[PDB]
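Just one chain is shown here, as structure tokens, and it is the form deposited without the DNA.
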């Protein structure tokens, strides 16, 4: 259900889009690794939502909606919110490993 797409594809899912941005340190002004395995923070959440909007060509993509989509992963063992930090989330390797299986 949460499935691997081709990198840079329009069909990519949000979890894998975020990993794509994280994997290039040059994006750190909008999204960056925290340092603690799998934790990341959106230093510019609106720019993250803008870029997700552009990838998906969804009009009116905004942080309200991105945060709704992000909420959907908390049940899927893909990601959780990090409490006490601003715009901070943590990937779950255990759900991510399955996402790479057929």
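Positions refer to the first chain, counted from 1.
The same protein also exists as the form deposited with the DNA bound; that form is not shown, yet it is the one meant from here on.
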Spell out, yes or no, whether the shortest heavy atom distance between residue 19 and the DNA in the entry with it bound is within 4.5 Å. no
Any chance residue 12 has a heavy atom within 4.5 Å of the DNA in the entry with it bound? yes
Looking at the partner-bound form in the entry with it bound, is residue 81 within 4.5 Å of the DNA by any heavy atom? yes
Is residue 33 a contact residue for the DNA in the entry with it bound, using a 4.5 Å heavy atom cut-off? no
Taking the DNA as it sits in the entry with it bound, which residues of 52-73 have a non-hydrogen atom within 4.5 Å of it? Please list them. 52, 56, 58, 60, 61, 63, 65, 68, 69, 71, 72, 73
